file coords_17.cif (mmCIF, C-alpha atoms)
data_protein
loop_
_atom_site.label_atom_id
_atom_site.label_comp_id
_atom_site.auth_asym_id
_atom_site.auth_seq_id
_atom_site.Cartn_x
_atom_site.Cartn_y
_atom_site.Cartn_z
CA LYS A 2 34.82 22.55 -15.26
CA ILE A 3 31.72 24.13 -13.69
CA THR A 4 29.25 22.27 -11.48
CA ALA A 5 25.59 23.30 -11.47
CA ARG A 6 23.89 24.26 -8.24
CA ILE A 7 20.60 22.48 -7.62
CA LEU A 8 17.11 23.99 -7.33
CA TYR A 9 14.83 21.06 -6.47
CA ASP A 10 11.07 21.01 -7.13
CA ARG A 11 10.16 19.38 -3.82
CA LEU A 12 6.88 17.47 -4.28
CA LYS A 13 6.58 16.60 -0.57
CA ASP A 14 2.96 16.90 0.65
CA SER A 15 1.52 17.70 -2.80
CA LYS A 16 -1.34 15.70 -4.33
CA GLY A 17 -0.37 12.39 -5.88
CA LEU A 18 0.91 8.90 -5.15
CA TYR A 19 4.00 8.80 -2.93
CA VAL A 20 5.91 5.48 -2.79
CA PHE A 21 8.89 5.28 -0.44
CA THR A 22 11.12 2.96 1.56
CA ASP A 23 12.70 3.44 4.97
CA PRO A 24 16.30 2.66 5.95
CA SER A 25 16.45 -0.56 7.93
CA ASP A 26 16.68 -0.21 11.71
CA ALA A 27 20.38 -1.08 11.48
CA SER A 28 20.86 1.58 8.79
CA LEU A 29 19.01 4.20 10.83
CA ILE A 30 21.66 3.81 13.54
CA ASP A 31 24.48 3.93 10.98
CA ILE A 32 23.16 7.20 9.53
CA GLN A 33 22.63 8.69 12.99
CA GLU A 34 26.22 7.82 13.95
CA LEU A 35 27.43 9.43 10.71
CA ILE A 36 25.84 12.78 11.55
CA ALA A 37 26.36 12.59 15.33
CA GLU A 38 28.48 15.78 15.33
CA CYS A 39 26.04 17.82 13.21
CA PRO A 40 25.85 21.39 14.57
CA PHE A 41 22.50 22.23 12.99
CA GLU A 42 19.02 20.83 13.52
CA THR A 43 18.31 17.58 11.67
CA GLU A 44 15.14 15.64 10.96
CA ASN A 45 14.37 12.81 13.36
CA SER A 46 15.19 9.30 12.14
CA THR A 47 11.43 8.65 11.87
CA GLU A 48 11.30 11.26 9.09
CA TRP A 49 13.99 9.63 6.91
CA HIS A 50 12.04 8.16 3.99
CA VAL A 51 13.51 7.48 0.54
CA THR A 52 11.15 8.35 -2.31
CA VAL A 53 11.00 5.78 -5.11
CA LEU A 54 7.99 7.39 -6.86
CA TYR A 55 6.02 10.63 -6.69
CA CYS A 56 3.33 10.33 -9.34
CA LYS A 57 1.30 13.48 -10.01
CA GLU A 58 -1.35 11.86 -12.24
CA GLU A 59 -4.89 12.98 -11.40
CA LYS A 60 -6.30 9.43 -11.64
CA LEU A 61 -4.41 6.84 -9.60
CA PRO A 62 -4.93 3.20 -8.60
CA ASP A 63 -5.75 1.99 -5.10
CA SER A 64 -2.79 -0.42 -5.14
CA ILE A 65 0.34 -1.01 -7.20
CA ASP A 66 2.52 -4.01 -8.03
CA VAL A 67 5.96 -4.07 -6.41
CA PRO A 68 9.12 -6.00 -7.38
CA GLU A 69 9.98 -9.23 -5.63
CA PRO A 70 10.91 -8.31 -2.03
CA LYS A 71 14.65 -8.14 -1.37
CA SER A 72 17.17 -6.44 0.86
CA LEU A 73 17.43 -3.18 -1.11
CA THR A 74 20.93 -1.71 -0.88
CA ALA A 75 22.59 1.66 -1.48
CA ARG A 76 25.86 3.44 -0.86
CA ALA A 77 25.64 6.76 0.97
CA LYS A 78 27.53 8.85 -1.56
CA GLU A 79 27.67 12.32 -0.03
CA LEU A 80 25.73 15.03 1.78
CA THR A 81 24.89 18.18 -0.19
CA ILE A 82 22.71 21.29 0.05
CA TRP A 83 19.95 22.03 -2.45
CA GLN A 84 17.47 24.90 -2.49
CA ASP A 85 13.75 24.57 -3.10
CA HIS A 86 11.50 26.89 -5.11
CA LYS A 87 11.25 29.23 -2.11
CA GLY A 88 15.01 29.52 -1.58
CA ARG A 89 15.09 27.28 1.50
CA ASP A 90 18.02 24.95 2.08
CA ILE A 91 17.63 21.18 1.95
CA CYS A 92 20.45 19.01 3.28
CA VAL A 93 20.13 15.67 1.47
CA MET A 94 22.10 12.45 1.49
CA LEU A 95 22.66 11.31 -2.10
CA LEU A 96 22.32 7.56 -2.67
CA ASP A 97 24.13 5.45 -5.28
CA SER A 98 21.65 2.62 -5.71
CA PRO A 99 20.84 0.53 -8.79
CA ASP A 100 18.22 -1.12 -6.55
CA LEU A 101 16.28 2.09 -5.90
CA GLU A 102 16.64 3.20 -9.53
CA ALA A 103 15.29 -0.14 -10.74
CA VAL A 104 12.37 0.05 -8.30
CA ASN A 105 11.57 3.53 -9.61
CA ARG A 106 11.77 2.20 -13.17
CA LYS A 107 9.51 -0.78 -12.42
CA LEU A 108 6.90 1.45 -10.75
CA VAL A 109 6.87 3.92 -13.65
CA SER A 110 6.42 1.00 -16.07
CA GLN A 111 2.92 0.56 -14.62
CA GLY A 112 1.77 3.82 -16.22
CA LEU A 113 2.77 5.95 -13.20
CA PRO A 114 5.07 8.72 -14.48
CA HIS A 115 7.50 10.11 -11.90
CA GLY A 116 7.06 13.77 -10.95
CA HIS A 117 10.64 14.74 -11.86
CA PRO A 118 12.12 14.32 -15.36
CA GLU A 119 14.93 12.20 -13.87
CA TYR A 120 14.80 10.00 -10.78
CA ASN A 121 17.16 11.03 -7.98
CA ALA A 122 17.64 8.66 -5.03
CA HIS A 123 18.18 10.68 -1.86
CA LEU A 124 16.95 11.13 1.67
CA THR A 125 16.44 14.45 3.40
CA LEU A 126 18.41 15.09 6.59
CA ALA A 127 17.54 18.74 7.26
CA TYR A 128 15.38 21.58 5.99
CA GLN A 129 15.57 25.33 6.73
CA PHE A 130 18.59 24.76 8.98
CA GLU A 131 21.33 27.12 10.18
CA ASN A 132 23.52 27.23 7.04
CA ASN A 133 26.72 28.86 8.27
CA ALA A 134 30.42 28.05 7.92
CA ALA A 135 30.08 25.48 10.73
CA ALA A 136 27.31 23.67 8.84
CA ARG A 137 29.27 23.60 5.59
CA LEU A 138 32.44 22.44 7.36
CA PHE A 139 30.53 19.60 9.01
CA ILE A 140 29.15 18.54 5.63
CA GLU A 141 32.65 18.46 4.14
CA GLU A 142 33.97 16.38 7.05
CA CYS A 143 31.03 14.00 6.63
CA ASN A 144 31.78 13.69 2.91
CA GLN A 145 35.42 12.86 3.63
CA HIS A 146 34.22 10.23 6.11
CA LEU A 147 31.89 8.76 3.48
CA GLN A 148 34.92 8.34 1.19
CA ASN A 149 37.37 7.06 3.81
CA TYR A 150 34.77 4.75 5.42
CA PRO A 151 32.27 3.69 2.75
CA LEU A 152 28.74 3.53 4.16
CA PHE A 153 26.34 0.94 2.76
CA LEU A 154 22.64 1.06 3.63
CA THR A 155 19.69 -1.35 3.44
CA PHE A 156 15.99 -0.47 3.16
CA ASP A 157 12.65 -1.97 4.24
CA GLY A 158 9.66 -2.97 2.15
CA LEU A 159 7.91 -0.36 0.04
CA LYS A 160 5.11 1.79 1.46
CA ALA A 161 2.67 4.08 -0.34
CA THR A 162 0.66 7.16 0.62
CA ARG A 163 -1.90 8.85 -1.62
CA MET A 164 -2.43 12.57 -1.08
CA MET A 165 -6.02 12.83 -2.28
#
call {"tool": "encode", "arguments": {"input": "coords_17.cif", "output": "structure tokens"}}
result
Amino acid sequence: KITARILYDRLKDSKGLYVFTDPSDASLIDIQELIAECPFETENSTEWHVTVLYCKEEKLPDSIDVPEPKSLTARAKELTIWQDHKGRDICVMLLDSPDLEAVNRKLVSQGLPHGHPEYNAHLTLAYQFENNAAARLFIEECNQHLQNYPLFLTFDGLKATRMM
């Protein structure tokens, strides 16, 4: 009967091993169309990366094994607003994706614990934006559109960055 509001421990740019996948070029356009009426500032498409692992271990390998390549798929479930440890707003697109969850699981199975207690598939669309009634109304209209017109996404091959 009550829903919890989300304070997210954003590991972006901190030391560790960051494994991610990008929406396919086709999916980048589909997402951009989705948010084409957004009244607040959004991250450029080039900045849309989907984390599949953020491992904070102090000793890390140079390379990692990845699952057999495939067209990874997700449904764009909804847009929502989280806050980070500093109180700043994050607008994220939540992803329903057994594929991304299984990738996360397979990567962790190599002795690379994920930096959050539970894996959450999402991509970040805005940060420190103008969060007013117009912003929240746009997000609600986007969420209705994601229900009335289901949006399915595909993602590229995995990439990894080590913040050393």
call {"tool": "residues_around", "arguments": {"input": "coords_17.cif", "residues": "residue A:27", "least_positions_apart": "3", "cutoff": "12 Å", "atoms": "all atoms listed in the file", "output": "PyMOL selection string"}}
result
chain A and resi 23-24+30-34+46+153-157
call {"tool": "atom_distance", "arguments": {"input": "coords_17.cif", "atom1": "atom CA of residue A:133", "atom2": "atom CA of residue A:92"}}
result
12.7 Å
call {"tool": "resolve_selection", "arguments": {"input": "coords_17.cif", "expression": "the PyMOL selection byres ((chain A and resi 19-22) around 8)", "output": "ChimeraX atom specification"}}
result
/A:17-18,23-24,50-56,156-164
call {"tool": "atom_distance", "arguments": {"input": "coords_17.cif", "atom1": "atom CA of residue A:122", "atom2": "atom CA of residue A:101"}}
result
6.8 Å
call {"tool": "residues_around", "arguments": {"input": "coords_17.cif", "residues": "stretch 4-7 of chain A", "least_positions_apart": "5", "cutoff": "12 Å", "atoms": "all atoms listed in the file", "output": "short mmCIF file (atom, residue, chain, number, x, y, z; two decimals) with C-alpha atoms, in the coordinates of the input"}}
result
data_model
loop_
_atom_site.label_atom_id
_atom_site.label_comp_id
_atom_site.auth_asym_id
_atom_site.auth_seq_id
_atom_site.Cartn_x
_atom_site.Cartn_y
_atom_site.Cartn_z
CA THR A 81 24.89 18.18 -0.19
CA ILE A 82 22.71 21.29 0.05
CA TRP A 83 19.95 22.03 -2.45
CA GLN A 84 17.47 24.90 -2.49
CA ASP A 85 13.75 24.57 -3.10
CA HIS A 86 11.50 26.89 -5.11
CA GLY A 88 15.01 29.52 -1.58
CA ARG A 89 15.09 27.28 1.50
CA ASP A 90 18.02 24.95 2.08
CA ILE A 91 17.63 21.18 1.95
CA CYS A 92 20.45 19.01 3.28
CA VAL A 93 20.13 15.67 1.47
CA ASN A 121 17.16 11.03 -7.98
#
call {"tool": "closest_residue", "arguments": {"input": "coords_17.cif", "among": "A:152, A:126, A:12, A:29", "to": "residue A:77", "atoms": "all atoms listed in the file"}}
result
A:152
call {"tool": "resolve_selection", "arguments": {"input": "coords_17.cif", "expression": "the PyMOL selection byres ((chain A and resi 65) around 9)", "output": "list in words"}}
result
residues 62, 63, 64, 66, 67, 108, 111 and 161 of chain A
call {"tool": "write_last_selection", "arguments": {"input": "coords_17.cif", "atoms": "C-alpha atoms", "output": "tab-separated table (two decimals), keeping the file's coordinate frame"}}
result
chain	number	residue	atom	x	y	z
A	62	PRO	CA	-4.93	3.20	-8.60
A	63	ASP	CA	-5.75	1.99	-5.10
A	64	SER	CA	-2.79	-0.42	-5.14
A	66	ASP	CA	2.52	-4.01	-8.03
A	67	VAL	CA	5.96	-4.07	-6.41
A	108	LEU	CA	6.90	1.45	-10.75
A	111	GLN	CA	2.92	0.56	-14.62
A	161	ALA	CA	2.67	4.08	-0.34
call {"tool": "residues_around", "arguments": {"input": "coords_17.cif", "residues": "residue A:95", "least_positions_apart": "6", "cutoff": "7 Å", "atoms": "all atoms listed in the file", "output": "list in words"}}
result
residues 77, 78, 79, 80, 122, 123 and 124 of chain A
call {"tool": "write_last_selection", "arguments": {"input": "coords_17.cif", "atoms": "C-alpha atoms", "output": "PDB file, keeping the file's coordinate frame"}}
result
ATOM      1  CA  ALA A  77      25.640   6.760   0.970  1.00  0.00           C
ATOM      2  CA  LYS A  78      27.530   8.850  -1.560  1.00  0.00           C
ATOM      3  CA  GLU A  79      27.670  12.320  -0.030  1.00  0.00           C
ATOM      4  CA  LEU A  80      25.730  15.030   1.780  1.00  0.00           C
ATOM      5  CA  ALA A 122      17.640   8.660  -5.030  1.00  0.00           C
ATOM      6  CA  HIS A 123      18.180  10.680  -1.860  1.00  0.00           C
ATOM      7  CA  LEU A 124      16.950  11.130   1.670  1.00  0.00           C
TER       8      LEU A 124
END
call {"tool": "atom_distance", "arguments": {"input": "coords_17.cif", "atom1": "atom CA of residue A:148", "atom2": "atom CA of residue A:99"}}
result
18.9 Å
call {"tool": "resolve_selection", "arguments": {"input": "coords_17.cif", "expression": "the PyMOL selection byres ((chain A and resi 116) around 7)", "output": "CSV table (one decimal) with C-alpha atoms, in the coordinates of the input"}}
result
chain,number,residue,atom,x,y,z
A,55,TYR,CA,6.0,10.6,-6.7
A,56,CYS,CA,3.3,10.3,-9.3
A,57,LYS,CA,1.3,13.5,-10.0
A,114,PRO,CA,5.1,8.7,-14.5
A,115,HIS,CA,7.5,10.1,-11.9
A,117,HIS,CA,10.6,14.7,-11.9
A,118,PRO,CA,12.1,14.3,-15.4
call {"tool": "closest_residue", "arguments": {"input": "coords_17.cif", "among": "A:28, A:147, A:142, A:76", "to": "residue A:49", "atoms": "all atoms listed in the file"}}
result
A:28
call {"tool": "closest_residue", "arguments": {"input": "coords_17.cif", "among": "A:140, A:75, A:100, A:105", "to": "residue A:37", "atoms": "all atoms listed in the file"}}
result
A:140
